[PDB]
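Sequence lines, in order, name chains G, C and D. Residue 55 is where the first sequence starts when you use the numbering used here, and the numbers rise one by one after that. Residue 31 is where the second sequence starts when you use the numbering used here, and the numbers rise one by one after that. Residue 55 is where the third sequence starts when you use the numbering used here, and the numbers rise one by one after that. We put the beta carbon where it would ideally sit given N, CA and C, even for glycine.
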Amino acid sequence: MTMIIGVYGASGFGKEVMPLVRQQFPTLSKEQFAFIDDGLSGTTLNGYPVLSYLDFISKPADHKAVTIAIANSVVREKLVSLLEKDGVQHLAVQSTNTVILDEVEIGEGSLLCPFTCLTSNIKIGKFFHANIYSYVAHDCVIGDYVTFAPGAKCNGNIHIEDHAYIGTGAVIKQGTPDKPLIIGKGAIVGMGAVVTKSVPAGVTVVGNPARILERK
Amino acid sequence: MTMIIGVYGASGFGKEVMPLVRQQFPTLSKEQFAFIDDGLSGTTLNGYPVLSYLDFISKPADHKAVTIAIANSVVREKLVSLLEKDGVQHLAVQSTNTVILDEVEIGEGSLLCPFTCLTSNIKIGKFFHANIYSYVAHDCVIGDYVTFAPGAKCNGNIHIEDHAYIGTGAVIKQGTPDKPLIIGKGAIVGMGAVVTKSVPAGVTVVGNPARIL
Amino acid sequence: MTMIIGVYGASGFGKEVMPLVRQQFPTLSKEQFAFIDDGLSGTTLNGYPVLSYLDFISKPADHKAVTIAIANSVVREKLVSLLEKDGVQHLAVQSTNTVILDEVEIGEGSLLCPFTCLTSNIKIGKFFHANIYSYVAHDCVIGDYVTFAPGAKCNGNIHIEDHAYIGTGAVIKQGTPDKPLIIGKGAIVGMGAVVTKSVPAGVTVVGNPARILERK
């Protein structure tokens, strides 16, 4: 009851995030960890209890911290507001084999999975998720609530705006110091996409080369 | 003499697997290792004897273990029954930098090369080969004799059936808990393919988006 | 005094390479390192001096050594010729997590970034550059001034001749011991390309499957 740690999201990447958090805090006992999930509430998962947000907040504990495993960026932002209302701490999570080089600034709530790499001179906003094998290269600027799926490749001089999603195995061409390649606010780079130029806000791009997807 | 280790396949991935098996068993002396290859039999490779299978089986050793470094799924299954006939052990081989998270069940004869990753809640059958940079994500089920080429990306809630082959740099969309994405028995996902829906048994798909070849 | 190390190239991969070379030679103090860049001569970068080539060469120091961060292989070759005139020593730089297996022969001036992998029975020429997540598999022969962009995947039995550039996220199909797949001298494999057959010297390919795009 000195500290309880929650992984918000029992389904999906939550099961991947839990062991990473266990490794971040190896001296905490298993009983100090829980999944938070309104829906899978009441159950157990991989030996951990699954709590509703109310049961989690109501637990007796001097300090509480949470990592939000939820991929959807809008939901992530919503859960964050909730956590802050209740004064819960945002946990930063990284993997043992993550590589980070020079002058990398990272906002709170980061989550960096195995085999991730951030090189040099990079600014990343809040609640950035980088799934396995994804990377950010030199002179990039990443906004808030950005999500990289596994194997997402963000090369040099790219600016990615808030709420963007870079899909599995996608690759993004480097920009230049004078002309960064921009991934627009809320833009979605679909899996396997090969992005050769800036992506407008709010569109989905797919294919090689990447093109705007007609969705209806 | 107490233990001899064989790497089945001297051409191809065999040369990559031997250093992995050497590191996996550091206290064994060089002389306890060999390639097994009918054909290159009698020769030498990176300082190791290359023996015929018969020659290998006949060596005086209390215990014998083999890793099959052959990517071809059908040959692999053939060599397995051969080994079992002679009571040779199936060696499991991982790389020093391989990552495995929670609740991963793996059948005998697995081979996980450098930079491989298995996440959480995964069931993998027998004689699974994952080459460099390949991964399996959450809640997947992988059958027997499945093979991942380098960089193959298997995302969450995917079921990959026996003898499937996932080509280099290929990427598979995640399923969901109610509807897994399924890679059918003996299906071939071609290199660089971008798979967005289930692949029927015995079929080859290629391209982005992946389409039947 | 005694030894100074230059990183040739302040822009592009320079800021990535500097911390790698720092780690390669951890007993050398920061003051013994500089970026070499005529354009940015006189400035400072990530707390390091940026020197013109002439000023670097003019330093009082028994021994001078350089790693060329520049990916552009044509420029890289001219720079080497420049460095040889002044008898500057060429450094080899790897990353801590780089993996190299059996019988890998590598010429001087190699640069292997984080998460790179060289397997077995490989011959690599001079001034090879492998950026993050790139690899070379078994039985490959790689010439001089070859550049692998990040995530470049060179499978088995491939011969990549002088000055070839393998683009970010590109994949090259394995050849056979009898029929190696050949990437011709000075060819350019475009980002994201899926190369299924030999590429002629001096041309560019792109796409899935890769097709010749620029041949004149």
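Where the beta strand (DSSP E) through residue i begins and ends
{"i": "residue 175 (chain C)", "result": "Run containing residue 175 (chain C): none; DSSP gives neither H nor E here."}
{"i": "residue 130 (chain D)", "result": "Careful: residue 130 (chain D) lies outside any beta strand (DSSP E), inside the alpha helix (DSSP H) at 127–139."}
{"i": "residue 251 (chain G)", "result": "Premise fails: residue 251 (chain G) is in no beta strand (DSSP E) and is neither H nor E."}
{"i": "residue 159 (chain D)", "result": "158–160"}
{"i": "residue 265 (chain D)", "result": "265–268"}
{"i": "residue 118 (chain G)", "result": "117–122"}
{"i": "residue 88 (chain D)", "result": "87–90"}
{"i": "residue 213 (chain D)", "result": "212–214"}
{"i": "residue 260 (chain G)", "result": "258–260"}
{"i": "residue 57 (chain G)", "result": "57–62"}
Residue burial classification, residue i (beta-carbon count within 10 angstroms, cutoff 16)
{"i": "residue 110 (chain C)", "result": "buried"}
{"i": "residue 77 (chain C)", "result": "exposed"}
{"i": "residue 242 (chain C)", "result": "exposed"}
{"i": "residue 57 (chain G)", "result": "exposed"}
{"i": "residue 73 (chain G)", "result": "buried"}
{"i": "residue 108 (chain G)", "result": "exposed"}
{"i": "residue 245 (chain D)", "result": "buried"}
{"i": "residue 132 (chain D)", "result": "exposed"}
{"i": "residue 140 (chain G)", "result": "exposed"}
{"i": "residue 130 (chain D)", "result": "buried"}
{"i": "residue 193 (chain G)", "result": "buried"}
{"i": "residue 96 (chain G)", "result": "exposed"}
{"i": "residue 70 (chain G)", "result": "buried"}
{"i": "residue 228 (chain D)", "result": "buried"}
{"i": "residue 270 (chain G)", "result": "exposed"}
{"i": "residue 207 (chain D)", "result": "buried"}
{"i": "residue 83 (chain G)", "result": "exposed"}
{"i": "residue 162 (chain D)", "result": "exposed"}
{"i": "residue 215 (chain G)", "result": "buried"}
For residue i, the residue or residues it bridges with in DSSP
{"i": "residue 52 (chain C)", "result": "None; residue 52 (chain C) has no bridge partner."}
{"i": "residue 30 (chain D)", "result": "Lying before the first or after the last residue shown, residue 30 (chain D) is absent from chain D, which here runs from 55 to 270."}
{"i": "residue 271 (chain G)", "result": "The requested residue 271 (chain G) does not occur in the structure, where chain G is confined to residues 55 to 270."}
{"i": "residue 171 (chain G)", "result": "G:153 and G:189"}
{"i": "residue 98 (chain G)", "result": "G:103"}
{"i": "residue 211 (chain C)", "result": "C:188"}
{"i": "residue 243 (chain G)", "result": "G:220 and G:259"}
{"i": "residue 165 (chain D)", "result": "D:147 and D:183"}
Range of the contiguous alpha helix (DSSP H) that encloses residue i
{"i": "residue 287 (chain G)", "result": "Nothing about residue 287 (chain G) can be reported from this structure: the residues present for chain G run from 55 to 270 only."}
{"i": "residue 111 (chain G)", "result": "107–112"}
Among the options, the one whose alpha carbon lies nearest that of residue i
{"i": "residue 104 (chain C)", "options": "C:35, C:45 and C:174", "result": "C:174"}
{"i": "residue 150 (chain C)", "options": "C:69, C:99, C:131 and C:222", "result": "C:131"}
{"i": "residue 158 (chain D)", "options": "D:217, D:219 and D:178", "result": "D:178"}
{"i": "residue 159 (chain C)", "options": "C:74, C:125, C:168 and C:84", "result": "C:125"}
{"i": "residue 211 (chain C)", "options": "C:231, C:222 and C:31", "result": "C:231"}
{"i": "residue 121 (chain C)", "options": "C:208, C:106, C:140 and C:203", "result": "C:140"}
{"i": "residue 90 (chain D)", "options": "D:111, D:82, D:81 and D:84", "result": "D:111"}
{"i": "residue 125 (chain G)", "options": "G:65, G:229 and G:232", "result": "G:65"}
{"i": "residue 94 (chain C)", "options": "C:73, C:62, C:70 and C:69", "result": "C:62"}
{"i": "residue 69 (chain C)", "options": "C:57, C:59, C:82 and C:75", "result": "C:82"}
{"i": "residue 230 (chain G)", "options": "G:200, G:69, G:252 and G:241", "result": "G:252"}
{"i": "residue 239 (chain G)", "options": "G:228, G:213, G:80 and G:70", "result": "G:213"}
{"i": "residue 218 (chain C)", "options": "C:176, C:55 and C:74", "result": "C:176"}
{"i": "residue 166 (chain D)", "options": "D:99, D:138, D:203 and D:137", "result": "D:203"}
Beta-carbon proximity of residue i to residue j, cut-off 7 Å
{"i": "residue 147 (chain G)", "j": "residue 75 (chain G)", "result": "yes"}
{"i": "residue 190 (chain D)", "j": "residue 144 (chain C)", "result": "no"}
{"i": "residue 186 (chain C)", "j": "residue 199 (chain C)", "result": "no"}
{"i": "residue 123 (chain G)", "j": "residue 181 (chain G)", "result": "no"}
{"i": "residue 220 (chain G)", "j": "residue 147 (chain C)", "result": "no"}
{"i": "residue 88 (chain D)", "j": "residue 60 (chain D)", "result": "yes"}
{"i": "residue 213 (chain C)", "j": "residue 194 (chain C)", "result": "yes"}
{"i": "residue 225 (chain C)", "j": "residue 202 (chain C)", "result": "yes"}
{"i": "residue 247 (chain D)", "j": "residue 260 (chain D)", "result": "yes"}
{"i": "residue 114 (chain G)", "j": "residue 55 (chain G)", "result": "yes"}
{"i": "residue 151 (chain G)", "j": "residue 262 (chain D)", "result": "no"}
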